[PDB]
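I have placed the structure first, in the form of structure tokens, so that the comments after it can refer back to it.
Since every read-out is calculated from the coordinates, none of them should be taken as a lab result. Because the Cβ atoms are built from the backbone with ideal geometry, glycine has one as well, and the counts that use them run over all protein chains shown.
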Amino acid sequence: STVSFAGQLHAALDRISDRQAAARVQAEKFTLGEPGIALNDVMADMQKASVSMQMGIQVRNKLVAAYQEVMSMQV
Amino acid sequence: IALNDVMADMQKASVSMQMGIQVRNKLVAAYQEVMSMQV
Amino acid sequence: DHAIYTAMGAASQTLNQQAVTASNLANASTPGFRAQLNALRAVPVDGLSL
Amino acid sequence: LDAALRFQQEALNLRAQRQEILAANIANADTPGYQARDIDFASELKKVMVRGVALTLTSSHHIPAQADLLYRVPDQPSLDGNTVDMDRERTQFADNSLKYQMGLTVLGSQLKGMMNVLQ
Amino acid sequence: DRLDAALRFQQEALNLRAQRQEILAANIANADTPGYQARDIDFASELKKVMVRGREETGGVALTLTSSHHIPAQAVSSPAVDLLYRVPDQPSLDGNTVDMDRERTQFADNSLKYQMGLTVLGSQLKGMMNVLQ
Amino acid sequence: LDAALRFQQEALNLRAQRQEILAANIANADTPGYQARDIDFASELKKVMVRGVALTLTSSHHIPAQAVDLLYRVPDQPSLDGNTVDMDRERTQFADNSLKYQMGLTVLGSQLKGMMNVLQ
Amino acid sequence: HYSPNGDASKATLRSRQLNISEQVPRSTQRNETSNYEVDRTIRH
Amino acid sequence: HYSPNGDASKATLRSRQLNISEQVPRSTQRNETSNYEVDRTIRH
Amino acid sequence: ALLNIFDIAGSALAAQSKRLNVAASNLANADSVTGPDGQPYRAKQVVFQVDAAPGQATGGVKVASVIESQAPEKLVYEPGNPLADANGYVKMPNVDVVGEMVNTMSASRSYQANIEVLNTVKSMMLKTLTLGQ
Amino acid sequence: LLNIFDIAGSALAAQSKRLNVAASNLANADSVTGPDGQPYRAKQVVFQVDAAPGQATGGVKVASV
Amino acid sequence: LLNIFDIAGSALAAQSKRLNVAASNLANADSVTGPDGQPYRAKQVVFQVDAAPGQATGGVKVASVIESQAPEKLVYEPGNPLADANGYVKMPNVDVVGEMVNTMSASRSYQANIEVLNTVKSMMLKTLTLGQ
């Protein structure tokens, strides 16, 4: 139907938030004493979540720079 | 998609948008300099 | 790094020799017992280089 | 907001308290009739997370103010009195230190994420 | 364009470095499985092949794009690079020809050259942005 | 102009080559009869700053093809297998050469950044 | 008003992710994700 | 309206990826991903 | 420094961890006369395979199908202890102790290698983010 | 407890109980009577594998000396 | 592959192969028989300099593993097969002290080359920050 790239940014933010929340709840469950979950799995998922979050931060920085530049053309 | 691909795409698009905006700035400035003379 | 395996082999197999000697040696004063003599075999690992 | 850090905060604090308890167990390894103690980490952590009134706030100079040891089942009776089993205590202490380090790493990483969002 | 024709080489080289990187980490991860037969690729020849031909990655198919709620799923995809066998020294009785020292010095080299490629792209892109301001 | 960066640049480059030489000495510290080699930095640098051949280079499709003094390191403590790499000497030399490479990197960084600061 | 799609014979599936697993002392598994399209009538 | 392509004798494929892998202790494996093209009628 | 190298090295970590846990079980249960139902304990081993068998290219290790070692199940002779059959022979699990020592030793070393690979790739990727700026 | 800490600690505790049984037996060799007045019956420890439910393997339990 | 990484990595490979040969000797000392039935002949490696065309220096290559042709010390067991006329088993000629010293020295050289590699890697990664 339509892409509505504000919807794409919303989807990216939702992905980042969901990944961090999943890592957080896995650390929750593991330190709570729940059997199953392993330590290396916890740390690996936390690492991946950190990388995705820095992904979002870099996209933020460059979008803000782009907008601050498109607001400089004289009309 | 590859991560390095995503950042290279980021930067290429950013440079292209910068270049387009600068070219438009030059053209708009030329238009106004032409329109601000005496006749 | 795989050297450890070879060394492990030796250590493990030496214990086996010990075992044999022990069974070979507890069986003194066992009538007509035949001592089970033992040896160690080198086993090359013929491969694709070196 | 900014109470997302609460969970690992309480978990780390509880790990430290358990460390103190286990160090007390080790220290009292040979006192007679010590009857070693412990806490149940999962229950304590749930209890702290699930669960504080600020006093009267009239004119100044008004002085605002404010303020389970389980028994480990023993093996190997002694009749020298004590019930601290050194092997169990040592394994529990090592595990507790490891998990304290984990909690410290997780909390530090959350703080790093928060601080990285801000620049 | 002519922005992605001058930056094309370093982009392709850096992507190929990343691909060789997970090849080498697959070598490392299968250090002690039996009969692994460590793999590697030739970087120069493959880079020339990429520049002349393109990507042309072989093997991969995603599902279709109908109305939402149709559970996207994808097949197992692999780059078109032809994996080459690494000639082994020291046979090891289980077929595993992964020599820690060779794989690890190659890993460090590949990491360093990937960082070099990142530096080169960063320099070229900073140059572009310095022209345009 | 802008060959005022030449000296340090070439100096740095020479240090890097030296590393290889010294590195080889460490690699062959056990081989028999290696006869550890080295170069003298000062004289080699002076010579290179004072200063293969070109093939058939008309239009393309003719396949162009490109074409230091390695001095003995006088040994001590002879070792019956010809190897003269006193590994202690080479370790000291390698540490010092790595350090002076770092110094050269810092000096080029400073000259380049001074140049860039003047230019903005 | 809608029609009830509790029956499988008269339901409508837009998607269905169905996984079946088991070993044979038995362990089995069966996961279902089904998304439907439902008849609807709107009077105003 | 659409047409039922439950049958491969009248199904119309755009893409089909097929992996068959088995050892003979017979370990077997089969994967079949299919994208179809569907007949259609739109009576407005 | 692709993201599908986290999966490979993480799978390697999990496989090494499971192998090490099994070897620790073997070493602990040496001289374990009986099982819960009542049976000699059978020393076990884990089987390492390459992950994602079909197509793919190379990538990751899987520890599916933990199996049971076929050592000859050494016996002892104590016809005063129950669990000894006719010709009283306590069945005495078959653990090669030095082999298991070495197994744990190498498992720790390979686990450490893969942990490091994870860290190195993350550093690669975080410096990838600093492309341009 | 983390998994391997549990397995190895159980091994250590079981070995300690086995050693205590051995020490007690060795010390009471040639001991005419018990308190009630009975032969000192020598003791043994039986090692079961721990973890009956789940994976059927890991750790050692030595209950019922 | 950068030249210096190649040199040090070749050193690592050579040291690993030397240590493997020493371990095989130290392990099969006192081994009566080979597969077919012959003495285990004690093994040594040959270290030679690499990069033969160009600069005459750089790296170490351990091509052509050879055998130590010492006269293969004998023992007397004239009931054992593998004993010729004048029953004399062949009994590999491995000197344990030499092999232990070889293992120690190989480990130390391995460490030195590893740690050269680390130094060089830091050197180059610092070179990448030249200026900026």
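For the reader, a short list of remarks on this structure follows.
- Checked against the criterion of being surrounded by fewer than 18 Cβ atoms within 10 Å (Cβ to Cβ) and of a type outside the set (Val, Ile, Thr), the candidates K:109, K:64 yield just one match: K:64.
For (1) more than 30 Å from residue E:2 (Cβ to Cβ); (2) in contact with a helix residue (DSSP H, G or I) (Cβ under 9 Å, 6 or more places away or on another chain), each residue gets a yes or a no:
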| position | (1), (2) |
| --- | --- |
| E:79 | no, yes |
| E:93 | yes, yes |
| E:101 | yes, yes |
| E:105 | yes, yes |
| E:126 | no, no |
| E:130 | no, no |
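- Looking across segment D:71-94, the residues that are loosely packed, with under 13 Cβ neighbours inside 10 Å and touching an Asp or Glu at 6+ places or on another chain (Cβ under 9 Å) come down to D:71, D:80.
- Complete set of residues in segment D:95-109 that are farther than 12 Å from residue J:6 by Cα and either facing another protein chain (nearest Cβ under 8 Å) or surrounded by fewer than 16 Cβ atoms within 10 Å (Cβ to Cβ) (or both): D:97, D:98, D:99, D:101, D:102, D:103, D:104, D:105, D:106, D:108, D:109
- Test for residue A:57: is it outside any helix (DSSP H, G or I) and either in contact with a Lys or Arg (Cβ under 9 Å, 6 or more places away or on another chain) or of a type in the set (A, V, I, L, M, F, W, C) (or both): no
- Residue that is farthest from the chain's Cα centre (by Cα) [pool: residues in segment D:2-28 that are more than 11 Å from every other protein chain (Cβ to nearest Cβ) and polar (S, T, N, Q)]: D:28
- Filtered residue count, segment E:36-46, keeping only those that are assigned to a helix (DSSP H, G or I) and surrounded by fewer than 16 Cβ atoms within 10 Å (Cβ to Cβ): 2
- Output for segment E:72-94, where each listed residue is more than 9 Å from every other protein chain (Cβ to nearest Cβ) and part of a loop (DSSP other than H, G, I, E, B): E:72, E:80, E:82, E:86
- For residue H:20, the criteria (1) away from chain I (no Cβ under 14 Å); (2) β-branched (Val, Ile, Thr); (3) surrounded by 10 or more Cβ atoms within 10 Å (Cβ to Cβ) hold in every case but one, which is (1).
- Selection within segment H:23-44: residues that are away from chain I (no Cβ under 14 Å) and among the charged types (D, E, K, R). The member of this set that is farthest from residue E:73 (Cα to Cα) is H:43.
- Some residue of segment K:94-105 being buried (at least 21 other Cβ atoms within 10 Å of the Cβ), in contact with a strand residue (DSSP E or B) (Cβ under 8 Å, 6 or more places away or on another chain) and more than 20 Å from residue F:87 (Cα to Cα): no
Residues are listed down the side, and each one gets a yes or a no for (1) facing another protein chain (nearest Cβ under 7 Å); (2) on the phi > 0 side of the Ramachandran plot:
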| site | (1), (2) |
| --- | --- |
| A:7 | no, no |
| A:17 | no, no |
| A:20 | no, no |
| A:28 | yes, no |
| A:33 | yes, yes |
| A:36 | no, yes |
| A:65 | no, no |
| A:69 | yes, no |
| A:74 | yes, no |
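- Residue within segment I:92-102 that is within 14 Å of chain E (Cβ to nearest Cβ), part of a loop (DSSP other than H, G, I, E, B) and within 28 Å of residue I:12 (Cβ to Cβ) present: no
- Count of residues meeting criterion [touching a strand residue (DSSP E or B) at 6+ places or on another chain (Cβ under 6 Å) and under 30 Å from residue E:35 (Cα atoms)] in segment I:25-44: 5
- The criterion of being under 30 Å from residue J:17 (Cβ atoms) and part of a loop (DSSP other than H, G, I, E, B) does not hold for residue D:52.
- Neighbours by Cβ (under 6 Å, 6+ apart or cross-chain): first from segment E:29-51, facing another protein chain (nearest Cβ under 10 Å); second of a type in the set (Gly, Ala, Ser) and surrounded by fewer than 17 Cβ atoms within 10 Å (Cβ to Cβ): E:34/E:95; E:35/E:95
- Here the condition is being of a type in the set (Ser, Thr, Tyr) and over 25 Å from residue F:26 (Cβ atoms); of K:122, K:24, K:109, it holds for K:24 alone.
- You will find that of E:24, E:16, the residue that is in contact with a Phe, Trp or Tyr (Cβ under 9 Å, 6 or more places away or on another chain) and over 16 Å from residue E:101 (Cα atoms) is E:16 and no other.
- Some residue of segment K:25-44 being within 14 Å of chain E (Cβ to nearest Cβ) and surrounded by 18 or more Cβ atoms within 10 Å (Cβ to Cβ): yes
- Tally of residues being more than 7 Å from chain E (Cβ to nearest Cβ), crowded, with 17+ Cβ neighbours inside 10 Å and among the small types (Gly, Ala, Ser) across segment I:45-61: 0
- Residue within segment F:80-90 that is within 26 Å of the chain's Cα centre (by Cα), hydrophobic (A, V, I, L, M, F, W, C) and within 30 Å of residue K:110 (Cβ to Cβ) present: yes
- Residue count for segment D:25-76, restricted to those that are of a type in the set (A, V, I, L, M) and out of contact with any helix residue (DSSP H, G or I) (no Cβ under 7 Å at 6 or more places or on another chain): 13
- Residue list for segment K:50-87, restricted to those being touching a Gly at 6+ places or on another chain (Cβ under 7 Å) and hydrophobic (A, V, I, L, M, F, W, C): K:51, K:82
- Test: residue in segment E:72-92 that is under 22 Å from residue K:10 (Cβ atoms) and among the basic types (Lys, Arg): yes
One line per residue, one yes/no per condition, for (1) within 14 Å of chain E (Cβ to nearest Cβ); (2) at negative phi:
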| residue | (1), (2) |
| --- | --- |
| C:2 | yes, yes |
| C:9 | yes, yes |
| C:23 | no, yes |
| C:34 | no, yes |
| C:46 | yes, yes |
| C:50 | yes, no |
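- Residue K:63 being assigned to a loop (DSSP other than H, G, I, E, B), under 15 Å from the mean Cα position of the chain (by Cα) and not hydroxyl-bearing (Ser, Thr, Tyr): yes
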